[PDB]
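Structure, as structure tokens:
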Number of protein chains: 2
Amino acid sequence: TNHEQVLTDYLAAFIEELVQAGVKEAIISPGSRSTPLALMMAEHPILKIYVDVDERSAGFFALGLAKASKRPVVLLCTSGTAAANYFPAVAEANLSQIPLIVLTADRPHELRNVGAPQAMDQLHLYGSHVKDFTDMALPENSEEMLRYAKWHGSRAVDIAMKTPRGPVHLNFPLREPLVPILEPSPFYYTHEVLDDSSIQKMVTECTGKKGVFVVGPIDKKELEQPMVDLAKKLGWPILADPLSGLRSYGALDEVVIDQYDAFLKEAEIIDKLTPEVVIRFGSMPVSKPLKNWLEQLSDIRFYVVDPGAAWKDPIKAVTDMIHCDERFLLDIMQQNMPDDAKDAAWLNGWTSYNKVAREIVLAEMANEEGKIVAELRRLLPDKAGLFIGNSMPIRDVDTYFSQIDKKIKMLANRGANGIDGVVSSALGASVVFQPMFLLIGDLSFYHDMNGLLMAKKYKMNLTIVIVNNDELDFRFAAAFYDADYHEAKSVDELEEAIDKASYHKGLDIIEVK
Amino acid sequence: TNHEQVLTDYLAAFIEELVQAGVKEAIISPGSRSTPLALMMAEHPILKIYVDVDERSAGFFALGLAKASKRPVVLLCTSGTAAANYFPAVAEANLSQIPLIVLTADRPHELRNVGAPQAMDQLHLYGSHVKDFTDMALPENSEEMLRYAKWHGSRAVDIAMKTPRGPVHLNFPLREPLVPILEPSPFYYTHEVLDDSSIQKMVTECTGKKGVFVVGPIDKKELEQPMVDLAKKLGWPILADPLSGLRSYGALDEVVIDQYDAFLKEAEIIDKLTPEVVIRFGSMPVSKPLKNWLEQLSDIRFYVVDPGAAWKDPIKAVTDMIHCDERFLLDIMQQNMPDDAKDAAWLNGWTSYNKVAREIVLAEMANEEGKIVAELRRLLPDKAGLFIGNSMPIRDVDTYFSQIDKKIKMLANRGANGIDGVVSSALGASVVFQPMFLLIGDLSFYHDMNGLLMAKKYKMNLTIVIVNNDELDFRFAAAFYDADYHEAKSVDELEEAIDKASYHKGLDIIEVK
């Protein structure tokens with residue numbers, strides 16, 4: 001019934017439900033108004049905490065951690081411009097379907113839009129870029145209002161984790177004094193399914209047709225193998241994006257095509273490889289010549305599998321929009337599509353151009369923006385993570401990273417793209433996948449340079465490769481963040497750097513000028 | 001009539017009107033979609049350009065430049081998360097009434113919300129935090145549409161510069177190819193006034209009353225002297241904020257009170273200094289004991305002068321809201337208020353506590369977070385600029401920076417406050433006021449560390465004083481950005497650092513641990 005108890009009961013009810021609904025990590029930024037929420041989250045036994053004093057960096061850190069783990073991740077910042085720094089990562093989380101619980105501390109009603117210090121309008125702060133907005137009540141501790149606090153904690157995580165996944169924003173007006181009572185201590189998975197009538201139409205329509213699988217960047221785990229099996233069963237090629245995982249799932253394969261970016265630039269190859277059906281999985285692939293090829297082809301059956309109804313199709317090519325779970329579709333197609341449907345000449349044609357274009361690529365790579373990918377492909381461990389920057393590193397990983405027999409989790413921010421926040425993204429992802437590697441340009445590296453503090457203060461393992469095409473001497477940046485600096489001037493100098501980097505748990509930075 | 005000419009005619013009409021309406025500077029961030037707008041702004045003869053690759057830093061740079069010069073300043077970035085990085089500075093510009101023309105490049109309609117790379121929803125991106133939003137047409141070059149492009153260029157700057165001043169957002173959908181034709185080359189002030197009936201009511205109501213002037217952070221230039229004259233004429237004290245300019249306008253004074261933060265904490269002094277009227281100018285002062293004092297007093301006449309109708313009053317103390325120009329009000333009060341109204345005992349009481357509290361402060365400052373302000377007060381030139389960070393440096397400049405007889409422009413981000421972007425803010429302001437000094441905490445310095453690139457690549461003069469109260473060794477940061485590093489361990493070590501800093505045109509950084 002006293003002010004500080006009221007504040008403690010209210011927040012504890014909320015925070016307890018977040019953890020009980022699956023939040024294990026919180027990414028906190030400090031400030032006056034965020035203090036009571038930060039202190040009480042710290043007191044929670046199960047809940048782990050990371051402190052990032054740059055809110056922009058905190059947002060991308062949370063993003064990367066939630067993208068890699070499929071876990072809902074809390075953000076917490078104070079009132080004022082701090083909340084606005086979450087915006088780039090929230091917009092990214094929106095488009096890449098990443099479950100961020102963004103909690104913004106705020107002034108109380110008597111201090112809202114009144115000219116108070118550290119205070120701005122935080123109602124619908126991120127606009128359409130969140131799944132849900134809640135302006136929470138001022139702290140109360142009645143039976144009704146405590147259950148309300150629990151209810152909103154459960155709803156936040158549920159909405160964020162329900163497909164299509166995405167960011168959820170909760171605004172907390174907090175009235176002074178913000179001193180909580182810490183002594184004594186205050187402390188169902190659904191998927192989309194197609195109908196039996198609806199699967200029969202699809203099965204019959206492409207039962208003996210020349211089809212192509214197109215897989216772009218995809219979220220879901222262990223979808224590599226059953227996809228490979230189906231394409232093998234049908235005799236269909238898979239045009240696999242580097243971010244699909246099919247180019248690095250730990251096995252060599254007879255259906256995965258990886259040189260399509262090269263050979264679809266040529267006009268006669270465009271004509272000869274013309275399919276009857278196309279089935280898309282995941283986002284759109286990064287390849288512009290593939291994009292232009294899929295745009296050009298008409299009078300085909302263009303399926304896209306989109307369980308979240310996000311309507312990602314910048315080509316407007318869709319004929320049949322499929323709103324179901326990817327693993328479900330692959331399994332029913334593995335059970336119901338015939339075995340005797342195999343045309344050997346169809347797959348053969350695709351694999352032939354693929355073998356030919358591999359030679360054209362490998363004839364040049366014994367001489368450096370393409371050779372850096374090729375050297376990285378060989379030097380990487382059998383189980384590793386690779387975050388790729390959105391500039392030139394993503395176009396060169398499409399050309400010079402063919403299929404390898406190592407398990408490599410490849411991650412990029414492919415929603416709203418952008419050169420911002422990719423260091424913190426990689427660093428958040430490094431909590432899940434080890435060892436973590438970052439192929440990055442100099443512009444992106446500078447942009448999110450101060451996110452390297454998280455690697456220093458939490459003793460994280462990340463190997464950074466900077467393609468500096470370009471006035472900046474990055475040795476001083478390395479020394480500042482306690483990083484081991486390496487300058488690779490040759491192919492052999494890169495080999496020594498990678499070997500040294502995997503040898504110690506810590507931050508490594510390899511600059512290639 | 002051809003695509004690239006259309007694009008050139010459209011943008012040139014817009015850009016020409018911006019310059020013709022008073023835009024002299026543009027702050028550009030690079031990218032694919034921003035390229036045609038950036039190239040053509042570069043071709044404009046009068047328009048000066050600054051390139052900031054961090055969009056967050058660019059926003060605060062523009063903010064600082066526009067705050068210092070009262071000039072409208074263009075921002076330009078590419079599509080995607082780049083636009084979202086402008087948000088903290090836009091929210092700040094909104095509350096601090098700063099005229100930013102924010103231009104965001106965008107995908108065309110066929111690539112909007114369709115799953116395209118580097119693309120997000122940019123309609124009403126900043127929400128209520130801008131004065132105006134325009135989604136511009138796709139480039140056309142007809143007589144109607146070219147005048148439309150001119151019209152929007154004039155409207156943008158006008159709305160941004162009309163009081164209450166603020167940010168204006170224009171979104172530009174641009175269709176590929178984005179290659180402009182650069183060869184050959186494509187290239188009233190109103191103020192609020194009170195009525196004669198309305199001034200007579202105010203003049204008579206405080207014609208012989210014990211009144212107090214309260215001046216917080218204020219925009220308007222040369223408002224120092226006529227304010228001083230009126231308070232001298234009336235025998236009224238001025239409780240001047242450090243950011244009012246009255247504490248450093250180049251003259252010592254017999255009405256400016258600067259120790260109110262100290263002596264209004266005491267209960268009997270609160271009671272004895274009780275006025276009959278209060279007149280506020282500018283924003284709310286940073287002093288919490290002054291805030292609490294003005295809150296506590298009742299049955300008074302509380303005037304606030306607010307020409308922009310922003311209603312800045314977190315105390316809700318207003319009795320008479322005055323919507324007119326500050327210079328106008330001071331001049332008519334200088335002409336119409338009587339001379340024989342002077343009560344000597346009223347001003348005497350205020351100046352007495354002020355003299356007493358100065359002794360209490362100066363008795364301690366011969367021994368370091370307060371002594372750093374006091375040393376800075378003495379060591380500064382006769383004509384200088386000082387940007388202050390929003391953390392502990394603003395509370396200590398209120399206590400330990402009494403009135404000096406030097407002209408010092410003092411600047412802070414006092415709208416939405418926040419520890420973010422104050423380096424770029426100071427660096428933008430450094431274009432106008434020279435020499436520029438920055439008193440800053442370590443948290444703020446880290447937050448906007450990468451804004452120091454602007455000091456390096458444009459060879460700017462800024463002296464940074466870091467109050468490191470606190471793992472980071474800032475020498476490596478200094479070496480990275482070509483800055484002269486100084487470590488001040490004593491009072492005399494600070495003197496040597498300041499002397500060296502003012503001696504060369506370039507970036508200086510003084511750390512006090």
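We label chains A, B, ... in the order they appear in the structure tokens, count residues from 1 in each chain, and number ligands from 1 in the order shown.
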
Which residues of chain A have any atom within 8 Å of an atom in chain B when counting only C-alpha atoms, and what is the closest pair of atoms for each, with the distance in Å to one decimal? Order the rows by chain and rising number and write it as JSON lines.
```
{"residue": "A:53", "atom": "CA", "partner": "B:447", "partner_atom": "CA", "distance": 7.3}
{"residue": "A:54", "atom": "CA", "partner": "B:447", "partner_atom": "CA", "distance": 5.7}
{"residue": "A:80", "atom": "CA", "partner": "B:416", "partner_atom": "CA", "distance": 5.3}
{"residue": "A:81", "atom": "CA", "partner": "B:88", "partner_atom": "CA", "distance": 4.9}
{"residue": "A:82", "atom": "CA", "partner": "B:418", "partner_atom": "CA", "distance": 6.6}
{"residue": "A:84", "atom": "CA", "partner": "B:88", "partner_atom": "CA", "distance": 5.1}
{"residue": "A:85", "atom": "CA", "partner": "B:88", "partner_atom": "CA", "distance": 6.1}
{"residue": "A:87", "atom": "CA", "partner": "B:84", "partner_atom": "CA", "distance": 5.7}
{"residue": "A:88", "atom": "CA", "partner": "B:81", "partner_atom": "CA", "distance": 4.9}
{"residue": "A:89", "atom": "CA", "partner": "B:81", "partner_atom": "CA", "distance": 7.8}
{"residue": "A:91", "atom": "CA", "partner": "B:81", "partner_atom": "CA", "distance": 6.9}
{"residue": "A:92", "atom": "CA", "partner": "B:81", "partner_atom": "CA", "distance": 7.3}
{"residue": "A:95", "atom": "CA", "partner": "B:120", "partner_atom": "CA", "distance": 7.9}
{"residue": "A:110", "atom": "CA", "partner": "B:314", "partner_atom": "CA", "distance": 7.7}
{"residue": "A:111", "atom": "CA", "partner": "B:314", "partner_atom": "CA", "distance": 6.1}
{"residue": "A:114", "atom": "CA", "partner": "B:314", "partner_atom": "CA", "distance": 5.0}
{"residue": "A:115", "atom": "CA", "partner": "B:312", "partner_atom": "CA", "distance": 4.2}
{"residue": "A:116", "atom": "CA", "partner": "B:314", "partner_atom": "CA", "distance": 5.4}
{"residue": "A:117", "atom": "CA", "partner": "B:417", "partner_atom": "CA", "distance": 6.1}
{"residue": "A:118", "atom": "CA", "partner": "B:416", "partner_atom": "CA", "distance": 4.7}
{"residue": "A:119", "atom": "CA", "partner": "B:416", "partner_atom": "CA", "distance": 5.2}
{"residue": "A:120", "atom": "CA", "partner": "B:416", "partner_atom": "CA", "distance": 5.8}
{"residue": "A:121", "atom": "CA", "partner": "B:129", "partner_atom": "CA", "distance": 7.9}
{"residue": "A:125", "atom": "CA", "partner": "B:127", "partner_atom": "CA", "distance": 7.4}
{"residue": "A:126", "atom": "CA", "partner": "B:125", "partner_atom": "CA", "distance": 8.0}
{"residue": "A:127", "atom": "CA", "partner": "B:127", "partner_atom": "CA", "distance": 7.1}
{"residue": "A:128", "atom": "CA", "partner": "B:121", "partner_atom": "CA", "distance": 7.9}
{"residue": "A:129", "atom": "CA", "partner": "B:121", "partner_atom": "CA", "distance": 7.9}
{"residue": "A:283", "atom": "CA", "partner": "B:115", "partner_atom": "CA", "distance": 7.7}
{"residue": "A:284", "atom": "CA", "partner": "B:115", "partner_atom": "CA", "distance": 7.4}
{"residue": "A:311", "atom": "CA", "partner": "B:114", "partner_atom": "CA", "distance": 6.5}
{"residue": "A:312", "atom": "CA", "partner": "B:115", "partner_atom": "CA", "distance": 4.2}
{"residue": "A:313", "atom": "CA", "partner": "B:114", "partner_atom": "CA", "distance": 5.6}
{"residue": "A:314", "atom": "CA", "partner": "B:114", "partner_atom": "CA", "distance": 5.0}
{"residue": "A:414", "atom": "CA", "partner": "B:117", "partner_atom": "CA", "distance": 6.9}
{"residue": "A:415", "atom": "CA", "partner": "B:117", "partner_atom": "CA", "distance": 6.9}
{"residue": "A:416", "atom": "CA", "partner": "B:118", "partner_atom": "CA", "distance": 4.7}
{"residue": "A:417", "atom": "CA", "partner": "B:118", "partner_atom": "CA", "distance": 4.7}
{"residue": "A:418", "atom": "CA", "partner": "B:81", "partner_atom": "CA", "distance": 5.7}
{"residue": "A:420", "atom": "CA", "partner": "B:81", "partner_atom": "CA", "distance": 7.5}
{"residue": "A:443", "atom": "CA", "partner": "B:53", "partner_atom": "CA", "distance": 7.4}
{"residue": "A:446", "atom": "CA", "partner": "B:450", "partner_atom": "CA", "distance": 7.3}
{"residue": "A:447", "atom": "CA", "partner": "B:54", "partner_atom": "CA", "distance": 5.7}
{"residue": "A:449", "atom": "CA", "partner": "B:450", "partner_atom": "CA", "distance": 7.7}
{"residue": "A:450", "atom": "CA", "partner": "B:446", "partner_atom": "CA", "distance": 7.3}
{"residue": "A:472", "atom": "CA", "partner": "B:480", "partner_atom": "CA", "distance": 6.9}
{"residue": "A:473", "atom": "CA", "partner": "B:480", "partner_atom": "CA", "distance": 6.4}
{"residue": "A:474", "atom": "CA", "partner": "B:480", "partner_atom": "CA", "distance": 7.3}
{"residue": "A:476", "atom": "CA", "partner": "B:476", "partner_atom": "CA", "distance": 5.2}
{"residue": "A:477", "atom": "CA", "partner": "B:480", "partner_atom": "CA", "distance": 6.5}
{"residue": "A:479", "atom": "CA", "partner": "B:476", "partner_atom": "CA", "distance": 6.6}
{"residue": "A:480", "atom": "CA", "partner": "B:476", "partner_atom": "CA", "distance": 5.3}
{"residue": "A:481", "atom": "CA", "partner": "B:472", "partner_atom": "CA", "distance": 7.7}
```

File dump, residues just selected, C-alpha atoms, as a compact mmCIF listing (two decimals), in the first residue's frame:
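Output saved as again-v1.txt:
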```txt
# COMPACT_ATOMS: atom_id res chain seq x y z
CA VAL A 53 25.32 1.93 -22.83
CA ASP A 54 24.73 2.68 -26.52
CA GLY A 80 13.97 10.46 -23.96
CA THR A 81 16.13 10.01 -27.08
CA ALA A 82 17.35 6.63 -25.72
CA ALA A 84 14.52 6.57 -30.37
CA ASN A 85 17.91 4.84 -30.77
CA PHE A 87 14.37 2.45 -34.10
CA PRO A 88 16.83 1.05 -36.69
CA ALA A 89 16.90 -2.38 -34.99
CA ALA A 91 12.53 -1.70 -38.15
CA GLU A 92 14.95 -4.53 -38.94
CA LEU A 95 11.00 -7.11 -41.57
CA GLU A 110 2.00 14.79 -15.07
CA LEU A 111 5.44 15.02 -16.72
CA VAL A 114 4.96 19.42 -20.45
CA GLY A 115 8.57 20.50 -21.07
CA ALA A 116 10.21 18.12 -18.57
CA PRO A 117 13.90 17.12 -18.98
CA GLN A 118 14.69 13.71 -20.59
CA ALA A 119 11.10 13.49 -21.84
CA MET A 120 9.53 13.02 -25.27
CA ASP A 121 6.32 11.63 -26.74
CA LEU A 125 7.10 5.61 -30.98
CA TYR A 126 7.99 3.10 -33.68
CA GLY A 127 4.68 3.42 -35.56
CA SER A 128 3.81 0.53 -37.89
CA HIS A 129 7.21 -1.11 -37.28
CA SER A 283 13.06 -14.35 -48.32
CA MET A 284 14.16 -13.19 -51.76
CA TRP A 311 3.98 -11.08 -48.90
CA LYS A 312 7.67 -10.80 -49.73
CA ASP A 313 7.68 -10.73 -53.55
CA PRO A 314 9.37 -7.63 -55.13
CA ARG A 414 18.32 -8.92 -44.77
CA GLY A 415 15.08 -7.21 -43.73
CA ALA A 416 15.73 -3.49 -44.15
CA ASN A 417 19.42 -4.19 -44.92
CA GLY A 418 21.60 -1.16 -44.12
CA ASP A 420 24.35 -0.03 -39.53
CA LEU A 443 32.07 1.61 -43.63
CA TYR A 446 33.13 2.24 -38.41
CA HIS A 447 29.34 2.65 -38.16
CA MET A 449 32.51 0.38 -33.97
CA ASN A 450 31.50 1.14 -30.39
CA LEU A 472 41.64 5.39 -40.84
CA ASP A 473 44.27 3.24 -39.10
CA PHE A 474 42.24 0.45 -37.46
CA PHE A 476 44.21 2.08 -32.73
CA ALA A 477 40.59 0.92 -32.67
CA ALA A 479 44.02 -1.50 -29.06
CA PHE A 480 41.15 0.55 -27.60
CA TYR A 481 38.81 -2.45 -27.38
```

For residue 393 of chain B, please output as a PDB file with N, CA and C atoms, in the first residue's frame all residues within 12 Å (counting only C-alpha atoms; exclusion window: fewer than 5 positions along the same chain).
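Final output, saved to part_10.pdb:
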```
ATOM      1  N   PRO B 242      22.812  28.925 -16.664  1.00  0.00           N
ATOM      2  CA  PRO B 242      24.072  28.963 -17.418  1.00  0.00           C
ATOM      3  C   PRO B 242      23.875  29.050 -18.936  1.00  0.00           C
ATOM      4  N   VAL B 286      17.727  24.273 -15.421  1.00  0.00           N
ATOM      5  CA  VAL B 286      18.143  22.924 -15.045  1.00  0.00           C
ATOM      6  C   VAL B 286      18.046  22.670 -13.533  1.00  0.00           C
ATOM      7  N   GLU B 368      36.931  16.950  -7.535  1.00  0.00           N
ATOM      8  CA  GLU B 368      37.494  17.783  -8.593  1.00  0.00           C
ATOM      9  C   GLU B 368      36.494  17.975  -9.743  1.00  0.00           C
ATOM     10  N   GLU B 369      35.272  17.479  -9.550  1.00  0.00           N
ATOM     11  CA  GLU B 369      34.211  17.580 -10.559  1.00  0.00           C
ATOM     12  C   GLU B 369      33.592  18.985 -10.601  1.00  0.00           C
ATOM     13  N   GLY B 370      33.802  19.755  -9.536  1.00  0.00           N
ATOM     14  CA  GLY B 370      33.364  21.146  -9.488  1.00  0.00           C
ATOM     15  C   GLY B 370      34.471  22.126  -9.820  1.00  0.00           C
ATOM     16  N   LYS B 371      35.707  21.711  -9.550  1.00  0.00           N
ATOM     17  CA  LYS B 371      36.892  22.544  -9.740  1.00  0.00           C
ATOM     18  C   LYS B 371      37.254  22.615 -11.216  1.00  0.00           C
ATOM     19  N   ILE B 372      36.818  21.601 -11.961  1.00  0.00           N
ATOM     20  CA  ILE B 372      37.026  21.510 -13.403  1.00  0.00           C
ATOM     21  C   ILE B 372      36.216  22.569 -14.174  1.00  0.00           C
ATOM     22  N   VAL B 373      35.052  22.931 -13.635  1.00  0.00           N
ATOM     23  CA  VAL B 373      34.212  23.984 -14.194  1.00  0.00           C
ATOM     24  C   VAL B 373      34.843  25.338 -13.873  1.00  0.00           C
ATOM     25  N   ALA B 374      35.269  25.491 -12.617  1.00  0.00           N
ATOM     26  CA  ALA B 374      35.856  26.729 -12.108  1.00  0.00           C
ATOM     27  C   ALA B 374      37.164  27.090 -12.815  1.00  0.00           C
ATOM     28  N   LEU B 376      37.897  25.976 -15.854  1.00  0.00           N
ATOM     29  CA  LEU B 376      37.467  26.228 -17.221  1.00  0.00           C
ATOM     30  C   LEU B 376      36.929  27.648 -17.369  1.00  0.00           C
ATOM     31  N   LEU B 386      31.032  27.050 -25.695  1.00  0.00           N
ATOM     32  CA  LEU B 386      31.104  25.883 -24.820  1.00  0.00           C
ATOM     33  C   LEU B 386      29.851  25.018 -24.906  1.00  0.00           C
ATOM     34  N   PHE B 387      29.995  23.834 -25.496  1.00  0.00           N
ATOM     35  CA  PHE B 387      28.934  22.831 -25.465  1.00  0.00           C
ATOM     36  C   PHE B 387      29.086  21.973 -24.219  1.00  0.00           C
ATOM     37  N   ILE B 388      27.981  21.785 -23.502  1.00  0.00           N
ATOM     38  CA  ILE B 388      27.974  21.031 -22.252  1.00  0.00           C
ATOM     39  C   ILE B 388      27.134  19.763 -22.414  1.00  0.00           C
ATOM     40  N   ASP B 398      25.976  24.706 -13.134  1.00  0.00           N
ATOM     41  CA  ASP B 398      24.968  25.530 -12.488  1.00  0.00           C
ATOM     42  C   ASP B 398      25.450  26.025 -11.129  1.00  0.00           C
ATOM     43  N   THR B 399      26.319  25.250 -10.488  1.00  0.00           N
ATOM     44  CA  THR B 399      26.790  25.581  -9.147  1.00  0.00           C
ATOM     45  C   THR B 399      28.114  26.339  -9.188  1.00  0.00           C
ATOM     46  N   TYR B 400      28.998  25.924 -10.091  1.00  0.00           N
ATOM     47  CA  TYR B 400      30.382  26.388 -10.089  1.00  0.00           C
ATOM     48  C   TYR B 400      30.736  27.317 -11.255  1.00  0.00           C
ATOM     49  N   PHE B 401      29.735  27.766 -12.005  1.00  0.00           N
ATOM     50  CA  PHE B 401      29.973  28.739 -13.073  1.00  0.00           C
ATOM     51  C   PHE B 401      29.149  29.990 -12.823  1.00  0.00           C
ATOM     52  N   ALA B 412      23.569  23.485 -25.050  1.00  0.00           N
ATOM     53  CA  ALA B 412      23.276  22.125 -24.624  1.00  0.00           C
ATOM     54  C   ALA B 412      22.024  21.627 -25.337  1.00  0.00           C
ATOM     55  N   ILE B 419      22.107  11.323 -23.296  1.00  0.00           N
ATOM     56  CA  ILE B 419      23.566  11.283 -23.361  1.00  0.00           C
ATOM     57  C   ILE B 419      24.106  11.076 -24.788  1.00  0.00           C
ATOM     58  N   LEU B 438      34.193  21.527 -25.422  1.00  0.00           N
ATOM     59  CA  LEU B 438      33.193  20.544 -25.028  1.00  0.00           C
ATOM     60  C   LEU B 438      33.502  19.947 -23.660  1.00  0.00           C
ATOM     61  N   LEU B 439      32.659  20.268 -22.686  1.00  0.00           N
ATOM     62  CA  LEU B 439      32.715  19.618 -21.389  1.00  0.00           C
ATOM     63  C   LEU B 439      31.759  18.438 -21.433  1.00  0.00           C
ATOM     64  N   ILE B 440      32.288  17.246 -21.173  1.00  0.00           N
ATOM     65  CA  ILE B 440      31.564  16.006 -21.437  1.00  0.00           C
ATOM     66  C   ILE B 440      31.938  14.907 -20.438  1.00  0.00           C
ATOM     67  N   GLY B 441      31.012  13.984 -20.194  1.00  0.00           N
ATOM     68  CA  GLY B 441      31.291  12.787 -19.406  1.00  0.00           C
ATOM     69  C   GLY B 441      31.792  11.668 -20.301  1.00  0.00           C
ATOM     70  N   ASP B 442      32.321  10.615 -19.685  1.00  0.00           N
ATOM     71  CA  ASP B 442      32.879   9.473 -20.415  1.00  0.00           C
ATOM     72  C   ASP B 442      31.827   8.635 -21.145  1.00  0.00           C
ATOM     73  N   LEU B 443      30.641   8.515 -20.546  1.00  0.00           N
ATOM     74  CA  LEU B 443      29.514   7.795 -21.153  1.00  0.00           C
ATOM     75  C   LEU B 443      29.034   8.443 -22.454  1.00  0.00           C
ATOM     76  N   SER B 444      28.866   9.765 -22.427  1.00  0.00           N
ATOM     77  CA  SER B 444      28.469  10.528 -23.606  1.00  0.00           C
ATOM     78  C   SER B 444      29.554  10.518 -24.673  1.00  0.00           C
ATOM     79  N   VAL B 465      36.901  18.292 -23.092  1.00  0.00           N
ATOM     80  CA  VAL B 465      37.259  17.973 -21.721  1.00  0.00           C
ATOM     81  C   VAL B 465      36.374  16.831 -21.229  1.00  0.00           C
ATOM     82  N   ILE B 466      36.999  15.687 -20.964  1.00  0.00           N
ATOM     83  CA  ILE B 466      36.293  14.504 -20.485  1.00  0.00           C
ATOM     84  C   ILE B 466      36.429  14.348 -18.978  1.00  0.00           C
ATOM     85  N   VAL B 467      35.311  14.492 -18.277  1.00  0.00           N
ATOM     86  CA  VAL B 467      35.252  14.161 -16.861  1.00  0.00           C
ATOM     87  C   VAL B 467      35.011  12.656 -16.758  1.00  0.00           C
ATOM     88  N   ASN B 468      36.107  11.906 -16.683  1.00  0.00           N
ATOM     89  CA  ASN B 468      36.053  10.454 -16.537  1.00  0.00           C
ATOM     90  C   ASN B 468      36.006  10.062 -15.061  1.00  0.00           C
ATOM     91  N   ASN B 469      34.790   9.954 -14.533  1.00  0.00           N
ATOM     92  CA  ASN B 469      34.576   9.490 -13.164  1.00  0.00           C
ATOM     93  C   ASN B 469      34.627   7.965 -13.075  1.00  0.00           C
TER      94      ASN B 469
END
```

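The two atoms in question, atom CA of residue 378 of chain A and atom CA of residue 228 of chain A, are spaced 22.9 Å apart.
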
Exercise for review: Do a neighbour search on residue 101 of chain B at 12 Å with only C-alpha atoms, toss out local chain neighbours closer than 6 positions, and write the hits as an NGL selection string.
Suggested key: :B and (15 or 18-19 or 21-28 or 59 or 62-63 or 66 or 71-77 or 86 or 89-90 or 93-94 or 130-134 or 152-161 or 165-171)

Point to revise | segment 257-271 of chain B environment, 10 Å, only C-alpha atoms, sequence neighbours closer than 4 positions dropped, as a ChimeraX atom specification | key: /B:213-214,237-242,246-247,253,275,286-294,296-297,350-358,360-361,395,398-403

Check your understanding: Residues at most 8 Å from residue 462 of chain B, counting only C-alpha atoms, excluding those fewer than 3 positions away in the same chain, as a list in words?
Key -> residues 426, 427, 430, 435, 436, 437, 438, 455, 506, 507 and 508 of chain B

Check your understanding: Of the candidates B:223, B:47, B:181, B:329, which one gets nearest to residue 3 of chain B if we count only C-alpha atoms?
Key -> B:181

Practice item. Going by DSSP on the backbone, which bits of segment 188-346 of chain B are strand (DSSP E or B)? Write them as a ChimeraX atom specification, please. Key: /B:211-215,238-240,249,256-257,277-281,301-305,320-322

Practice item. Do a neighbour search on residue 322 of chain B at 9 Å with only C-alpha atoms, toss out local chain neighbours closer than 2 positions, and write the hits as an MDAnalysis selection string. Key: chainID B and resid 194 303:307 309 320 324

Practice item. Could you please determine the separation between atom CA of residue 40 of chain B and atom CA of residue 184 of chain B in Å, to one decimal place? Key: 11.7 Å
